[PDB]
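See structure below.
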Protein chains: 2
Amino acid sequence: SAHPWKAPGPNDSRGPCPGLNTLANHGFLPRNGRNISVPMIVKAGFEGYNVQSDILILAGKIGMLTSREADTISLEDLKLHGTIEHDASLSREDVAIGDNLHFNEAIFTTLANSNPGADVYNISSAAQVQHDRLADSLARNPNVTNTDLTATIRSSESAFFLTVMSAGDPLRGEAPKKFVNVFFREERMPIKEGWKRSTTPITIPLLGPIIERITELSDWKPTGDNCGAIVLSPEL
Amino acid sequence: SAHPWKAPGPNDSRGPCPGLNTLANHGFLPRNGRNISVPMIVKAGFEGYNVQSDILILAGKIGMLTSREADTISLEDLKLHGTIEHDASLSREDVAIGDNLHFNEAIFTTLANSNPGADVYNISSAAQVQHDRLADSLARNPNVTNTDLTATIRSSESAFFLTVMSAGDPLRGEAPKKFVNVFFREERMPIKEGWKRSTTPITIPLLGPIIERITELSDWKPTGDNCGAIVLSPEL
Ligand code: HEM
Ligand code: HEM
Ligand SMILES: *[C@@H]1O[C@H](CO)[C@@H](O[C@@H]2O[C@H](CO)[C@@H](O[C@@H]3O[C@H](CO)[C@@H](O)[C@H](O)[C@@H]3O)[C@H](O)[C@H]2NC(C)=O)[C@H](O)[C@H]1NC(C)=O
Ligand SMILES: *[C@@H]1O[C@H](CO)[C@@H](O[C@@H]2O[C@H](CO)[C@@H](O[C@H]3O[C@H](CO)[C@@H](O)[C@H](O)[C@@H]3O)[C@H](O)[C@H]2NC(C)=O)[C@H](O)[C@H]1NC(C)=O
Ligand SMILES: *[C@@H]1O[C@H](CO)[C@@H](O[C@@H]2O[C@H](CO)[C@@H](O)[C@H](O)[C@H]2NC(C)=O)[C@H](O)[C@H]1NC(C)=O
Ligand SMILES: [Mg+2]
Ligand SMILES: [Mg+2]
């Protein structure tokens, strides 16, 4: 145990991402959530989850745009709405109507109740969850943003939790609820529950067919202009 | 001084930006134009031009998206169309109809002929030049992309040449043609011609009103859907 879970203190920076928060809570990233570069993310995601540099370099550099520093962020910076952070999250509220940063059990209810009768979440349950979370945002949020880009990011995130928290073969696109629930609710690797780091590297080619299938099953259409413009920096 | 101009060799990476290419030609950045990080850009831009970290961090991190590396680029990477690189450049051709990378004297005619009768370029001539370059792209390039984002970037780039190549007070928003011409044609600081690095720091608050006036005077309107989506990575 060079990497025990410790609950974050009130001054440790944490963001809207359970993947990065969990790595910080285990000391793979700095426990203070500060001064985190793309090379640090690449190493931490590799050591923690066997996630490879292809997706971590791509996502990491987009995430860097959310801070004012030359080559690092604080995890909380990633909450910046419209860079990566988006409406119809699995476990956070939409920023126009709530808190887009912290885990929120009420929001998480959709995911937690999904795939009724099974002990795993899987590609079809993820797609249904996405459909129902988006419908919620569309019903309740007058400023909802829902575009090809946010839809792809959302499927990427579902594919992330299905593969990183799997019971050992991430190709299957399924993960025990008991692992995924601990991941979201505690931002802890569920080691005592029996989870282990994937022995298969999790790469863009591995994720891509999972992402596409989730989208396909999600009965999705875009909203409004459908323009994939992102926010390129914090307020100037 | 210690930073002499040398022409780039065949293997020295150079991009579509005369600002960075010039820094590399004088060794403020690596002469080979490779392994360049945002902290390197921030330091070279300060040393070479007295351009401050606010604008270099903001633009630098967007530029980092153009490579496949965790935290560096080669200068040539910045040619990636639709991240920063755009149609209706001052000195390059649009990618759909030509070479969007190298200096091009025929394209440069519009700038080189602007502000007739005067010895400087200034805010109104920069605006007229942007107008006419965009008009050329609208005429000749069926694939033209012209959005709020590309217009802002273009005005920023004109504000850059006016300020950085000024006769010593960047607030004036004017620059001797002799200096600006050497800057674009040779990617050389025009030292023997009489230019010296600004003693006034060039910052976002200094540039903003110059950028806005350039746009205001340019008689500009968006094209097509006006969606400011950028390309977030080179080919996956
Ligand atoms: C290391 C592997 C990673 C995993 C397993 C992971 C997992 C996830 C998951 C499951 C979500 C969805 C949370 C929700 O909808 O409630 C998410 C959200 C997010 N992730 Fe990651 N992530 C990882 C890496 C990254 C990286 C490298 C970045 C950027 C530097 C990033 C930035 C975000 C952001 C901004 C969100 C918020 C999107 C939203 O729900 O609005 N993540 N992540
Ligand atoms: C250091 C101060 C800088 C100066 C004085 C400067 C100046 C300029 C100028 C005048 C252009 C217009 C070229 C044309 O229209 O033909 C331009 C283009 C460009 N600059 Fe910079 N620049 C600077 C910094 C940067 C930085 C930090 C980046 C990002 C890493 C960047 C990326 C670009 C790109 C991609 C273009 C091509 C846009 C186009 O014309 O299509 N520049 N630069
Ligand atoms: C994700 O897991 C869910 C739940 O295990 C899978 O959905 C389930 O699929 C089974 C097999 O198709 C369904 O039962 C089959 O059900 C039919 C009639 O409903 C019955 O005639 C067959 O004898 C068999 O029992 C089941 O209804 C269905 N359950 C739910 C909750 O949807 C799903 O296939 C998995 N998805 C993936 C991509 O692995
Ligand atoms: C950018 O430089 C331009 C060229 O120097 C300049 O345009 C010029 O503005 C001058 C000054 O007002 C005008 O000069 C006029 O002065 C007499 C009276 O003293 C008038 O009766 C004449 O109309 C004469 O034009 C010029 O008209 C004009 N020259 C050119 C070639 O356009 C811009 O004002 C400068 N822009 C900025 C923002 O500084
Ligand atoms: C490491 O990150 C920390 C936290 O973001 C940085 O500390 C901040 O620095 C900014 C820049 O001035 C300050 O305005 C904040 O007030 C600081 N925050 C705290 C909590 O002290 C720090 O600069 C970074 N370290 C390095 C070497 O860049
Ligand atoms: Mg969100
Ligand atoms: Mg161009």
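Convention: sequence-line order gives letters A, B, ...; per-chain numbering from 1. Side-chain atoms are counted along with the backbone in the values below, which use heavy atoms only and exclude waters and symmetry mates.
Going from atom CG of B/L232 over to atom CG of A/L65 covers 8.5 Å, rounded to the nearest 0.5 Å. In this structure, the separation between CD1 on B/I57 and OG on A/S233 is 11.0 Å, given to the nearest 0.5 Å.
The nearest pair of heavy atoms linking A/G228 to B/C227 is N-SG, 3.7 Å. Shown here for A/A70 and B/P39, the closest heavy-atom pair between the two residues is CB-CG, 4.1 Å.
For B/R34, the CZ atom is densely surrounded, since the number of other residues' heavy atoms within 6.0 Å is greater than 12. Within 6.0 Å of atom CZ in B/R31, more than 12 heavy atoms from other residues, nucleotides or ligands are found, so the atom counts as buried in its surroundings.
The stretch residues 55-100 of chain B participates, sequence neighbours left out, in no disulfide bond (SG atoms under 2.5 Å apart) pair at all.
Only the side chain of A/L58 has a heavy atom closer than 4.5 Å to any heavy atom of chain B.
For the set B/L56, B/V38, B/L149, the entry with the most heavy-atom pairs within less than 4.5 Å of chain A is B/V38. Among the candidates A/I230, A/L236, A/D225, A/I204, the residue making the largest number of heavy-atom pairs closer than 4.5 Å to chain B is A/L236.
A donor-acceptor pair under 3.5 Å is formed between the side chain of A/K61 and the backbone N or O of B/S67.
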